[PDB]
Amino acid sequence: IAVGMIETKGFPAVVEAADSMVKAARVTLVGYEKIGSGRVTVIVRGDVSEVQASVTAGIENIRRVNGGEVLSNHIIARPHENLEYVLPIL
Amino acid sequence: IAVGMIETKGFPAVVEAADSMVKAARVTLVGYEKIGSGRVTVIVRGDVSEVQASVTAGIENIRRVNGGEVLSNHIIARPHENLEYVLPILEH
Amino acid sequence: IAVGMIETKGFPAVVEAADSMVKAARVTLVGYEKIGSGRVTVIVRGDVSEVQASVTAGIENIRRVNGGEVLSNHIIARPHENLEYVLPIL
Amino acid sequence: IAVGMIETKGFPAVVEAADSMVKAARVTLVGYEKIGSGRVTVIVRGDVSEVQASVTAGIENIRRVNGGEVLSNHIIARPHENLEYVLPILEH
Amino acid sequence: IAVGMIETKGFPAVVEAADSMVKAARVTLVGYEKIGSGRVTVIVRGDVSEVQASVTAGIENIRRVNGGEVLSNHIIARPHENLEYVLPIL
Amino acid sequence: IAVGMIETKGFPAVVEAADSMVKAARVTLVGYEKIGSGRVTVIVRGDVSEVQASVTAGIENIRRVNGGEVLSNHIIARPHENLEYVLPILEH
């Protein structure tokens, strides 16, 4: 039920973030959010330990990306149920 | 009928803001608004006291966020009814 | 029939602009316009003297906003009827 | 069949532009176009002489606008028909 | 079957680009693409020699535009058929 | 099942990228993605060898483009299935 997010400047980087994330750990990819300014976020759910593993992987592997830039990242272990239908984290 | 808002630059931050807000106090998260340029606002309604507690929590918990940035925040204790049907400050 | 507009960088500020506007004077709020770049405008109609009162209030009260920034503001006392259905001022 | 355009950075300015244009001369306001980055263009059609009078008025009246800024302006006296169905320069 | 494109910062300039393009040569205007950041592209098709003529005209005439700014331009003489329905070049 | 992407600042560049990619090798152009700020990505799928040949060609041919700029590029040889239904990397 944890949520993990990686926000990049650039689309290719966000794809590699996503790929690496789902490969590293037992997490599933649920979201891809654009907010303009080149800022795109990919979002996964899973056990916190796994989501935690997945996010670490994504951040590491983005430096493999020519032009890759990570803007922010975050994990929430136990997100409130109210978030599930306001925010595209589902 | 109070309204609280936190505007961040970055999406993960806005999610923490939201999570923190609804956890800290008895308030309902009613929305999330993009206006471009990375700027996204998370919005809650509740008793002023609870909204004030939600906003304070969200602001202080965003500093935990790697790459998190808070651009603005605001509370209106008693917003005018006119605002509800022009501005996205009732449930989306 | 006057039109008053306040444009801010930031959404919360635009809400406070709106709130203050409708509270100060006999004006009604009709519009909220986004043009990107963080630029959002709120728009009211009413008697010029009131719209005038309302805009003054909104500009004053935005400094109460943590992160508040006013970009522009304007009043038109007697807007042409052609504007009403091209521009979201209605 | 002339076309006149004024592009501003800021929405209130574009409204003044439009107001000024249709007041100064015998022209019709046919649209308003956003392309991002605050950039919004107001567009009119009319006789070249009237369009030229509209645009001049709009530009000079925007300096009245607090925070107003004009980014570009242009007139085409006799625009090619091809433009009408690719570019938003007939009534929106 | 050639494709010619002119990208400006600003809308009025893109209109003058378009106008000049279709006037200079035997080319037809097919596209107007926005990608944000003020960046708008107009797109024509025609014989390469004509498209070539049309693009030269558009670039020259944009300096007539108060506030005119050309960001990029390009011609492809013989674009792959796969481009026609992925990209708004048709 | 490899994926190749080229992200440009500017639309004409992205068209050259695409043209170059599908011409250089046996790959299919599956999309074009805007994320704002001028940033547009062109995306192909194919055998890794062909995708690698497509991307190299596109990058080197964009330097021909007047005003062309490449912001990022990337290839994933064996992308995870999960990506296909969250990210726009199957045909648009």
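Each chain gets a letter, A, B, C, D, E and F, in the order it is written, and its residues are counted from 1.
We take it that a residue touches a chain if its C-beta (ideal position, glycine included) is under 8 Å from a C-beta of that chain, and two chains touch if they have at least 3 such contacts.
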{"item": "Given subunit C and subunit F, the chains that contact each of them", "value": "none"}
{"item": "If a chain touches subunit B and subunit E alike, it appears here", "value": "none"}
{"item": "Furthest chain, CA centroid comparison against subunit B", "value": "E"}
{"item": "Per Cα centroids, the chain farthest from subunit C", "value": "F"}
{"item": "Centre distance in Å when subunit B and subunit F are each reduced to the mean of their C-alpha atoms", "value": "37"}
{"item": "Inter-chain centre distance, subunit B versus subunit C - centres from mean C-alpha coordinates, in Å", "value": "22"}
{"item": "Overlap residues in subunit C, where contacts from two or more other chains coincide", "value": "36-37, 39"}
{"item": "Graph class of chain-chain contacts, one of line, ring, star, complete, other", "value": "ring"}
{"item": "Ring walk, subunit E to subunit F and onward", "value": "E, F, A, B, C, D"}
{"item": "Subunit B residues within the subunit A interface of the complex", "value": "10-16, 18-19, 22-23, 28-32, 34, 36-40, 65-68, 92"}
{"item": "Residues of subunit C defined as touching subunit D within the complex", "value": "3, 5-7, 33, 35-37, 39, 41, 70-74, 76, 79-80, 82-83, 86-87, 89"}
